[PDB]
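Next up: just one chain, as structure tokens, the form deposited without the ligand.
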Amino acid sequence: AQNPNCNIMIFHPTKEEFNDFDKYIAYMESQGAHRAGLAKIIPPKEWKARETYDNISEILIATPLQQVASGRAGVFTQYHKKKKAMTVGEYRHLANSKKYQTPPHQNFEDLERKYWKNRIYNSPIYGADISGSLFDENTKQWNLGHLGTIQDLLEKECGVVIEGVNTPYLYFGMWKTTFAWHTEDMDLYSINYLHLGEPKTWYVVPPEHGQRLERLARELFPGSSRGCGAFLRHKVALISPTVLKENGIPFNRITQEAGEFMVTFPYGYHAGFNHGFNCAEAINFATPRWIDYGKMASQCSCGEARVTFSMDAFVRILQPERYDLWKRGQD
């Protein structure tokens, strides 16, 4: 069995190996990358996403979200408070202000200590889930706006044509902006490209151990757990590496820098934070190996998780027994 300790693998494809996306994901899996739940892909030196980032300041962040925490330093939830619209240029200035800027630090490890110690006492502002792309239309390799769609993958594997579309999302982050413990909708893959700015630290639980994380989460968030049998779908719970180690949950950590891709694998629980002002782009995708994970994915039916139009057909076709109850939660 390849990668039996489920370590995060890092790949350095040549320009020739960067041509065929599907083939390269399948190569990574042949080496055991999926066992970690997360992999890093460093693009060939010849490659670029676009010529410059000099003209992005007029992008609108229509609903910036202030991430307010409750709980204790290592075990907390966050809720998103909606703020007034601002441009990327306005947001970058805010990120760099004395109230919100990255503190002085020695190295990534010192910054990670400061995050875990102090996150709860601040409420950073995140520009999340903004439909759009920063890839140049002429970038032919690993362009997240030109991937094969999940609807076409289900059609190719299963023979059923379905409605729905699949487009990327932009994330503008600042110091301490946080992504809570989750897997993707329908336990899909994701791919994330860090276009510019400061790093993003990730934590991940191997897919084979995901239920261990879920059991801990039910213990640590006992009211949430009673309200919904899949409450990590709400994307609001944080658990620190210290707490995970104290409870024996297997995980790994890695920092992504500007110009690097990360791939999350089906049922790979992940969480993390941004080091300072940055812009990432991400999208879900599928392969043939995903289908069995989609069929088994948990669902939130309490009404909190509320998701895209395109998840309907996935539930309808892969999980027909669940469909009725899940749609009640959507309406």
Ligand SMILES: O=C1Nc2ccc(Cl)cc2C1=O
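Start at 1 and count along the sequence shown; that's the residue number. Take the two forms, find the largest set of C-alpha atoms that superpose within 1.5 Å, and that set is the rigid core. Only residues modelled in both forms are compared.
If you look for the form deposited with the ligand bound, you will not find it shown, but the lines that follow are about it.
Remark: blocked binding site. Placing the ligand in the deposited bound form onto this structure by local C-alpha superposition gives 3 or more atoms within 2.4 Å of a backbone or C-beta atom. Among heavy atoms of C300, some come within 4.5 Å of the ligand in the deposited bound form. At the 4.5 Å threshold, heavy atoms of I41 stay clear of the ligand in the deposited bound form, well away from it. Although the partner is absent from this view, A36 stays clear of the ligand in the deposited bound form, with no non-hydrogen atom inside 4.5 angstroms. Considering only residues present in both forms and aligning them on the rigid core, one finds just one run of three or more residues with C-alpha shifts of 2 angstroms or more between the shown form and the other one, namely 324 to 328.
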